[PDB]
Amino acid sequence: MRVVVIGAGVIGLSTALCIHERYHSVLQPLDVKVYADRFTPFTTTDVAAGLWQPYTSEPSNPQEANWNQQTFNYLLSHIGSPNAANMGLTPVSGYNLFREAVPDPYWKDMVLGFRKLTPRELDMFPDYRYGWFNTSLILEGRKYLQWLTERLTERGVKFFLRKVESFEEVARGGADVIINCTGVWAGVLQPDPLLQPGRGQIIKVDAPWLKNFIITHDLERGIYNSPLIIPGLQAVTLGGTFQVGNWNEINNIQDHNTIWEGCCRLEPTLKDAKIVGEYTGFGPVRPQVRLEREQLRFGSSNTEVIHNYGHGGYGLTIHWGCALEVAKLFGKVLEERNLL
């Protein structure tokens, strides 16, 4: 049984590993390969701020709430292990800041120690009048990618750096199942006009004194179009733009300014932070994650495609529940093929 996962971003590798760990022991042969035209550090996952937190508003599909939860508990269960940091994983506490009262988020009980900020805490943030405190996890994408590829490699999964032109060519090259984990570029293999790039720019900074995440919201502005500060493993991420529809891969001057001034005002000590790097990523924005299976027909073998894309600005946050779901759909595929 030959499985090609297309994509080496967080979604690809997580899904690839989950499939292998679930079925290596029961299927023989099972051959899993990863194709992609960029690997770390060249994916959007690499640019990700690296924090577990869903959108403040609930999701359309309630399965996603669950996929987030599964992802959190998965990640939390690693805290305590010697290799947590090598995976890019470590606990962080921080603040969500609003200019007025808002409902509690659907994920309040999933995180650790959710509570509302007290009048004292707020004086720390002059420009805001309401907010939350909680404890969550950093998942640094660059590092987690390095961990997964190593974990994949150790188990004999093989990587191929290449550009897939169609699902057809890959099936024709001998894939029985295709897991489509192509992020914002899924539309090149099958038009999907619900999928748009969520263009976010970030500034990477050396400011090791900052131990807490700080995320502001501007309800009249759209999610992550207000300043945010997220301590990483060895640097800090500064953001404040997330504009959907823009396909520009290059850094922009106006965005640099919006992020720097917004964050400098939020966290004035930034005046002495050294700028280390500036990047631009595309979140695969979609009303809903596409995680379903599809039957494609070329030549003689019917080939099965399982999509797993459109995780917007929360791919790190939801990834494991999504992989888990794909490996189950895959199980069904094995079934119908009397393969167990």
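A residue's number is simply how far along the shown sequence it sits, counting from 1.
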query: Greater mean Cα temperature factor according to the PDB record, 297-305 or 28-36; finding: 297-305
query: 11-19 versus 328-336 - greater average Cα B-factor per the deposited record; finding: 328-336
query: Deposited CA B-factor, highest of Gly183, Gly94, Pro105, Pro119; finding: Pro119
query: Per the PDB entry, maximal CA B factor within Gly88, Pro208, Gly262, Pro126; finding: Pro126
query: Among modelled residues of the same chain, the CA temperature factor third for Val236; finding: lowest
query: Chain-wide C-alpha B factor ranking for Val276, given as lowest, middle or highest third; finding: highest
query: Assigned third (lowest, middle, highest) for the C-alpha B factor of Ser136; finding: lowest
query: Position of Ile179 among the chain's modelled residues by C-alpha B-factor, lowest, middle or highest third; finding: lowest
query: Lowest, middle or highest third - CA B-factor, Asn61; finding: highest
